[PDB]
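Novice: sequence, then structure. It's an experimental one.
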Amino acid sequence: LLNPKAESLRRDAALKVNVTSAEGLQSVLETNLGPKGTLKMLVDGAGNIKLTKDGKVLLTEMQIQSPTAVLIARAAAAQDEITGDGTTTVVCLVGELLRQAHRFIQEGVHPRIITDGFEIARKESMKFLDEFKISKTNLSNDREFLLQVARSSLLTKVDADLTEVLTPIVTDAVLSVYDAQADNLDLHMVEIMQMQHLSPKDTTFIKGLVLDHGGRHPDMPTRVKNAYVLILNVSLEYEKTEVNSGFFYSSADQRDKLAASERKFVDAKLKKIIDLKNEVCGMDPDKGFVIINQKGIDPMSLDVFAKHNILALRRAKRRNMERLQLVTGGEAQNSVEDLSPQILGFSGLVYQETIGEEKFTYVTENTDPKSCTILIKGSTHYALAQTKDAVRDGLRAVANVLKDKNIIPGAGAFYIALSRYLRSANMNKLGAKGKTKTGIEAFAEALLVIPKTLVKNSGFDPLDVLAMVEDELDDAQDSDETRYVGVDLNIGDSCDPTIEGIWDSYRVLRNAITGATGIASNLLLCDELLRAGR
Amino acid sequence: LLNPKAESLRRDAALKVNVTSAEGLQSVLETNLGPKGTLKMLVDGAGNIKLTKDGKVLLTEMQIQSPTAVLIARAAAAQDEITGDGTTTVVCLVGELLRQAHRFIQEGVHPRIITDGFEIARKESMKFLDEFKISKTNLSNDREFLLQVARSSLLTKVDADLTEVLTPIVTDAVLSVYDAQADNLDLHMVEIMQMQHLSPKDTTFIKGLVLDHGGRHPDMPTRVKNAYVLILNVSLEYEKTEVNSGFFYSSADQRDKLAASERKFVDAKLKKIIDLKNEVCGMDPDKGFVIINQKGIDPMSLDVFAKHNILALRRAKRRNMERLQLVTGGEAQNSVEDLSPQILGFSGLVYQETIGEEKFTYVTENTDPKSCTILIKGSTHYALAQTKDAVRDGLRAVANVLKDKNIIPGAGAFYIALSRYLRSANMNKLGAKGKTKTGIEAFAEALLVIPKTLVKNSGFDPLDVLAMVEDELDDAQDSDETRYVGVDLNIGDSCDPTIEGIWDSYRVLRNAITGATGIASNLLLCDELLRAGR
Amino acid sequence: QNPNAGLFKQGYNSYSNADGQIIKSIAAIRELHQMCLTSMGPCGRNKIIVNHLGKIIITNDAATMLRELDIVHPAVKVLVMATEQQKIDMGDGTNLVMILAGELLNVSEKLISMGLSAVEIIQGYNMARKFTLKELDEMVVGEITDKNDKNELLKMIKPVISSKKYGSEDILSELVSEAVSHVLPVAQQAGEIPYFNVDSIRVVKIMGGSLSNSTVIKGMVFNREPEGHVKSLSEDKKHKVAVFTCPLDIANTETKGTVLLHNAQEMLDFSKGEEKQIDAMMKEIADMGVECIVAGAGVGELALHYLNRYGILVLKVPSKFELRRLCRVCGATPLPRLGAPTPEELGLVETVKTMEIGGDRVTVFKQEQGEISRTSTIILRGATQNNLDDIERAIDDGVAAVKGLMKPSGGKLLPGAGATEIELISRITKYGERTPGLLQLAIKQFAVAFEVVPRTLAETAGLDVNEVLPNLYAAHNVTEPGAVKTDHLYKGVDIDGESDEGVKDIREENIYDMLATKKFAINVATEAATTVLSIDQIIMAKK
């Protein structure tokens, strides 16, 4: 039953290889789970050092021939397009669920009943999911509670020293861009800037928009408070004919004749701009005037802007100009002849950070900016990649907190309670099936891998911390009140996840149970590995 | 860190290999366990063929380098000397207990908690051992119940066709030699002899003693009823002059004259023996006179005893003569001159089986024989060893039932119940430790190997029979009554072990649970395998 | 026939913690750790490295050597990237960062083999780092007043030259400090506007002479020829200098404009045309008072003839980097055209002359009083080319040391020569028993990791480890009959080289370490070791 150049695994041998290949990828992301996990370096062919704990980014930067990790890679891709986080946790749930089920395969349990026991446990998990969840109020005074949610996302992807730095940054980034109403939130409206100069501990949040190319003159003012921003589409720089040509004067009389042809369009626009400063903000103190000027600036206007102390800008990005219309409010002016003071916008303190290689400009302190900029600083390249991964994962984690009114406590509070509930639910109810309870127990025993993994990376005994939580849950079942118990990684004993402030998104955990169920089931449903097409 | 001519395994690999090597012996002895097991055939290499289903008998013939299986063979050494049956069950309890603990060792659990968890569960099993046992009366009218007890031992070692033949034989063999009182029973009074060239279904029970050498003469009576047994210690063979002399003869006729002078010494003794027959019941009907005569017989005395219809025997084993003194009651008579009628005993019908190669004389139908003989006849060599292994295990199985007043139902009744008791008791008590739960749960799961192994050899799904028994035990507890459930191997569903008649001795299961736990615990205590002394 | 477990990916390289790769990664760093142990200290030496292009580069600096070495293991690249953090910002202390980060992994190896979790190892260093940062503020003895005096600069520059090139530190300190005082203006108690840059000091060299015969110029020094019959200008005050990007030649068309001769009639017109046009443009430049013309492009033949009659010095600087530093002195600006010396764009030089220094005649550029220069150049002389190139790299480290005098704790200093690293031991072990829990293992080993600095200086100097080391522990740890510790806090580590008993006081030779350099080096070395200890797995692929 074979042809030349064929390799096929039949009977239960393919199930043994698929689980064994899954145990390898499991241990890779096992030590990467939680804030106490490990931070691994991945360099493929580019010499580019990158350190991140995100489960999806690992699989995209590594080529894996194992077919088991291919479907897992498709699972991590579906979680990012929906949940946006928790890719490492889902992989740890799929890996251990195959190990607990593989032990029952040798017992003779058919894999269809194993998959049927998962769907029954998944429907019962959704019932406990609605009972265990906590409804959070839509009020905007929850920023204090948002600080606890922000730390839960940050502590995982960093060394925990940067969490306190990014805690006010990430929290204020979401509330500033999100107006308070039903509405929705847009993460694209929050810009991200990257700089390799300053250390990562010095990073700060930018309320407004920042731009790259500024005007360079020695007399330009460093700080300008409450300045008016004006978008300028005309060219302030000398221009030449479409064909290469130049104006060479042999006398002072020919100098004024040849140079006037180039500055004729410049002076016509330049003299009308400085007249706007005479009509508006001429006398009035505590006001300013700023020019965007997407096009360049000639050295002649630099001396004119220096006499009036006008902040000069040239070579502006077109994408940032559309955001300046929202932040500042000024309309794009194509012709200065039609320029009016109604087109002028309003901005706050504008100060330019002076660095030899690059210069920055801050449009910040605006009345209605309706935009945000997260400035990421770091000394090395991998420090910028890790911080950028934590911000993008942090913004998307908090994004699901405002959209989804339900919140779940973390630190193993959801996993330990669900594993203990499903084990005691089928015993009291006895409404599933007689034989199926074997496969249902495999799912309940696979839910305790996460709390055992969090303490494994910290070096604590997973059997000791598990017995301490069960003793607290038994004390919680005796009392008629509601008390949630969770594992504390720092101290090593149990903790109240509501007081400690460790919280997990409801949508992330809702798709984690259903997602890990279908992916791990399809791997057990494969009897034979087919090699064909060649 | 090594020595010459030495091999050692470090870390936990030394224990994992010892468990894996124990798993190899488990899979070998998993197939032959129970009445649905298999009959193994071993070859020493010298031409010997032995077919035995007993666990210890196979281990003694097999040579194993694995030091773990050596202790298992040494663990069964105390099983046969005490229990006498169930050595295969003990091995299955040691191997599976190591497999169930192997999963917990890989999780990082220290073996001391695993070892202490087995000892604590062993002490709790002994408390449930006395609750689950059934007290049986000491009355001797229980032979009807002993028929079902004999089937438990017989159906295991044979094909079940010889069970109905050996059921009355084995049962009546123990009760006949056992007078009715507390006392005890001695299995040494039951002799086992064998003869080839016949079918195994012809096996019959012998109430008396079977003798090797039979009388050879055409005129000797085959069947003699109500004959007097006489133990004769004199030598009836050819004799010589009491003083040293020689035979000097000129012709062959003079040689017979010198030979007859020495033959008169035997003839003088023959005349005194025949006078005892005519003295007591000489011509009386329904009477007989039989001469044992441990020593030999000359061809002249065979014709003298045949004319009087006397059964003559010669060259009897010294050990078999001591049984004739107890069975028949006749004293040993050294001299013929001192022969008296008070030395004569009494016996019933004595009939000799005539076969060309061998002849058997039956001493049966005795007033106070105080002995029995089980004649196992089979054509081949393995047919004689297989039944002899079943009788010696059957006699010792019924022995523990009459000695110990407590009896336990078999067919997995104690194993399934104790696994259910220890599961629900550890959660209610919680007096050991939180980490001990792993050791107690591993022992509870290790008790289910026997009910799964028995049904696995029959072909029925061990998963379905486990669900039907647990559902029946739960329905029995809701009805508030006492109902014992066991696995039916023929049908495949559950059964009542009290009605079916499957019973296990209390002393067999008491040393099985204690023995398998103590030996398997010592295996987990092994840190390293040291090679020294070479 | 023999399978392999643990690799599900591909035949590429997979490094996991199961086999102890965290020890092998340190062992690979340990191979390069001993490389830096032979660098830091006055006993160190430059390394000869031949480039793939057949070029020999010789420098004592280890950070520069890392750029000339091929790194294979990517775990070392993390330390190389962390080494650049010390070279770009403070410019000094690269040997302190790499050696300490390598020792932090050595003391952590004993914790990994003991069974201590790597997470608690990182948590211990993070708590010990915050304890060290608080002590560095109280360990400051003296403070630089930022007087910018020549004698005040000799205190900071001397230890910077030390542990690089020994025996010339007395001569080189007077050469470096003299150029620093030239580029610094007169100001005090003002940190708003920065002044001293890293390009303000140019290093030039010439064969011949010695270090004692070297001088210091207040401006840029050019080693090329004047390219004309005029060797130097006059001594008149405020000479005008014009920088021209356009080459010196007849005015042509920006597009094409190639001179061709069809007939002899065009030969006399174009030849005399180049003579009359260039002479007319050079005359207007000389009439405006410009005695020096800087030509960035090539110079024609007829251009040099007219510049000799007008007495205009010829200067050619094709490098645009030298033109930037030239604008900071006289104030000249490059003109896109030729023949239009606009006085607003012209510069002013006090004195420009051609003098013979080191055996060859060079035309320098300097000043006197007015038009204060922000750029200076040091002329080096010596008979050894190998030691001459090493001084060029040693001065660049001294230039970055002057930059560390700015607002971020520039005046505060700590005693050096192994006195700082040993004193941190008693202060950290004092906090070890104060902090309960499992952190005591990592906190104590964090202070032991500072013993590599005094041991390396004593080992490379030929001193016995069993002798000087127990005297170093007794120097910083004493029993004083009283509540206030007293007597010698100045006992450091001595290199000897002649003879001595015990150690010596730092107050004698005034060898100090800046707080901004030492405090920044500890944070970089801690985060560098934090990255390595946090990585338990490395995935690589073949090229």
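Specialist: Looks like it came in fine. Residues are numbered from 1 along each chain as shown, chains lettered A, B, ... in the order given.
Novice: all contacts plus neighbour counts: C-alpha atoms, from now on.
Specialist: Fine.
Novice: output the set of residues of chain C in proximity to chain A.
Specialist: In this structure, chain C approaches chain A at residues C:6-10, C:74, C:78, C:81-82, C:85, C:116-117, C:119-120, C:253-255, C:337, C:534-543, judged by Cα under 8 Å from any Cα of the partner chain.
Novice: taking these one by one, which sit in strands?
Specialist: Of the positions in the residues of chain C next to chain A, C:538-539 sit in strands, assigned by DSSP state E.
Novice: out of the residues of chain C next to chain A, which touch chain B?
Specialist: Of the entries in the residues of chain C next to chain A, not a single one is placed beside chain B under the rule of Cα under 8 Å from any Cα.
Novice: outline the domain layout of the chain.
Specialist: Answering for chain A, as no chain was given. Segmentation of chain A into domains, based on CATH domains of a matching chain, reads A:1-136+A:406-534, A:137-207+A:370-405, A:208-369.
Novice: chain C, not that one
Specialist: When chain C is parsed with CATH domains of a matching chain, its domains come out as C:1-143+C:412-543, C:144-218+C:371-411, C:219-370.
Novice: next one: the second one to chain centre, how far?
Specialist: With Cα atoms, centre = their mean, to the nearest Å as the basis, domain C:144-218+C:371-411 stands 11 Å off its chain's centre.
Novice: now swap in the longest one and tell me
Specialist: Its chain's average C-alpha position is 21 Å from that of domain C:1-143+C:412-543, according to Cα atoms, centre = their mean.
Novice: same question, stretch A:31-50
Specialist: Taking the mean of its C-alpha atoms, stretch A:31-50 sits 17 Å from the chain's own mean (Cα atoms, centre = their mean).
Novice: for stretch C:214-231, same thing?
Specialist: Taking the mean of its C-alpha atoms, stretch C:214-231 sits 25 Å from the chain's own mean (Cα atoms, centre = their mean).
Novice: can you give the contact residues for it?
Specialist: Stretch C:214-231 is touched from outside by C:175, C:178-179, C:182-183, C:202, C:204, C:232, C:304, C:308, C:311-315, C:326, C:329, C:353-354, C:361-367, C:373, C:375-381, with contacts defined as Cα atoms under 8 Å, 6 or more residues apart in numbering or on different chains.
Novice: if we can go back for a sec, for residue A:528, find the nearest of the domains of chain C.
Specialist: Across the domains of chain C, the minimum distance to residue A:528, taken as Cα to Cα, is reached by domain C:1-143+C:412-543, at 18.7 Å.
Novice: can you give me the distance of the residue lying closest to residue A:331 once chain neighbours are set aside to chain B?
Specialist: By the measure of Cα to Cα, 6 or more residues apart in numbering or on different chains, the closest residue to residue A:331 outside its immediate chain neighbours is residue A:343, 5.5 Å from it. According to Cα to the nearest Cα, to the nearest Å, residue A:343 and chain B sit 70 Å apart.
Novice: need phi/psi at residue A:343.
Specialist: Backbone torsions of residue A:343, given as degrees, to the nearest 10, read phi -80, psi -20.
Novice: contact partners for it?
Specialist: Counting by Cα under 8 Å, 6+ apart, residue A:343 has contacts A:230, A:330-333.
Novice: what is the neighbour count of the residue in the stretch 51-200 of chain A that chain C sits nearest to?
Specialist: When distances are taken as Cα to the nearest Cα, the stretch 51-200 of chain A approaches chain C most closely through residue A:64, which lies 4.1 Å from it. Here the neighbour count serves as a burial measure; for residue A:64 (other Cα atoms under 10 Å in any protein chain shown) it reads 17.
Novice: quick one: contacts for it?
Specialist: Contacts for residue A:64 (Cα under 8 Å, 6+ apart) come out as A:70, C:8-10.
Novice: just residue A:337 next, same as before
Specialist: Taking Cα under 8 Å, 6+ apart as the criterion, residue A:337 is in contact with A:269, A:272.
Novice: what about it, distance to chain C?
Specialist: When distances are taken as Cα to the nearest Cα, residue A:337 and chain C turn out to be 32 Å apart.
Novice: tell me the spacing between that residue and residue B:495.
Specialist: As for residue A:337, its distance to residue B:495 is 104 Å (criterion: Cα to Cα, to the nearest Å).
Novice: what sits closest to residue A:390 if chain neighbours are left out?
Specialist: With Cα to Cα, 6+ apart as the measure, residue A:157 is the residue that lies nearest to residue A:390, at 5.6 Å, once sequence neighbours are left out.
Novice: ramachandran angles for the one you found?
Specialist: Backbone torsions of residue A:157, given as degrees, to the nearest 10, read phi -90, psi 0.
Novice: what about it, how many neighbours?
Specialist: Neighbourhood size, residue A:157 [other Cα under 10 Å]: 29.
Novice: wait, isn't it in contact with residue A:51?
Specialist: No - here residue A:157 lies out of contact with residue A:51, judged by Cα atoms under 8 Å, at a distance of 9.5 Å.
Novice: pull up the overlap in contacts between the two.
Specialist: Taking Cα under 8 Å, 6+ apart as the contact rule, residue A:157 and residue A:51 both touch residue A:386.
Novice: which ones are touching residue A:408?
Specialist: By Cα under 8 Å, 6+ apart, the contact list for residue A:408 reads A:132-134, A:414, A:503-506.
Novice: how about the helix or strand it falls within as PDB, C-alpha atoms only?
Specialist: Using DSSP states H and E, residue A:408 falls within strand A:406-409. What follows is strand A:406-409, C-alpha atoms only, in PDB (Å, rounded to 0.1, in the frame of the first residue of the first chain):
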ATOM      1  CA  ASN A 406     -17.500  43.200  30.800                       C
ATOM      2  CA  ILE A 407     -14.100  42.600  32.600                       C
ATOM      3  CA  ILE A 408     -12.600  39.500  34.000                       C
ATOM      4  CA  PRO A 409      -9.900  39.300  36.800                       C
END
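Novice: for that strand, which strands pair with it and how are they oriented?
Specialist: Pairing partners of strand A:406-409, with direction, according to DSSP bridges: strand A:134-135 (antiparallel), strand A:503-505 (antiparallel).
Novice: between these, which gets nearest to residue A:240?
Specialist: Among the strands paired with strand A:406-409, the nearest to residue A:240 by Cα to Cα is strand A:503-505 (59.5 Å).
Novice: just put the strands paired with strand A:406-409 in JSON lines and tack on distance to residue A:261 and mean neighbour count.
Specialist: Rendered in JSON lines, the data for the strands paired with strand A:406-409 read as follows (distance: least, Cα to Cα, whole Å; neighbours: other Cα atoms under 10 Å in any protein chain shown):
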{"stretch": "strand A:134-135", "distance to residue A:261": "71", "mean neighbour count": "14"}
{"stretch": "strand A:503-505", "distance to residue A:261": "65", "mean neighbour count": "25"}
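Novice: how about CSV for those, with distance to residue B:153 added?
Specialist: As requested, the strands paired with strand A:406-409 are exported to CSV (distance: least, Cα to Cα, whole Å):
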stretch, distance to residue B:153
strand A:134-135, 63
strand A:503-505, 62
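Novice: wait, which of the ones you listed is closest to residue A:242?
Specialist: Comparing these against residue A:242 with Cα to Cα, the closest turns out to be strand A:503-505 (59.2 Å).
Novice: residue of the stretch 101-250 of chain C nearest chain A, please.
Specialist: Of the residues in the stretch 101-250 of chain C, the one nearest chain A is residue C:117, at a distance of 5.6 Å by Cα to the nearest Cα.
Novice: just checking, that residue touches residue A:460?
Specialist: No - the criterion here is Cα under 8 Å, and residue C:117 misses it with residue A:460 at 9.0 Å.
Novice: helix or strand: which one has residue 394?
Specialist: If you meant another chain, say so; for now it's chain A. Using DSSP H and E, the element containing residue A:394 is helix A:381-403.
Novice: chain C, not that one
Specialist: With elements delineated by DSSP H and E, residue C:394 resides in helix C:385-403, which encompasses its position.
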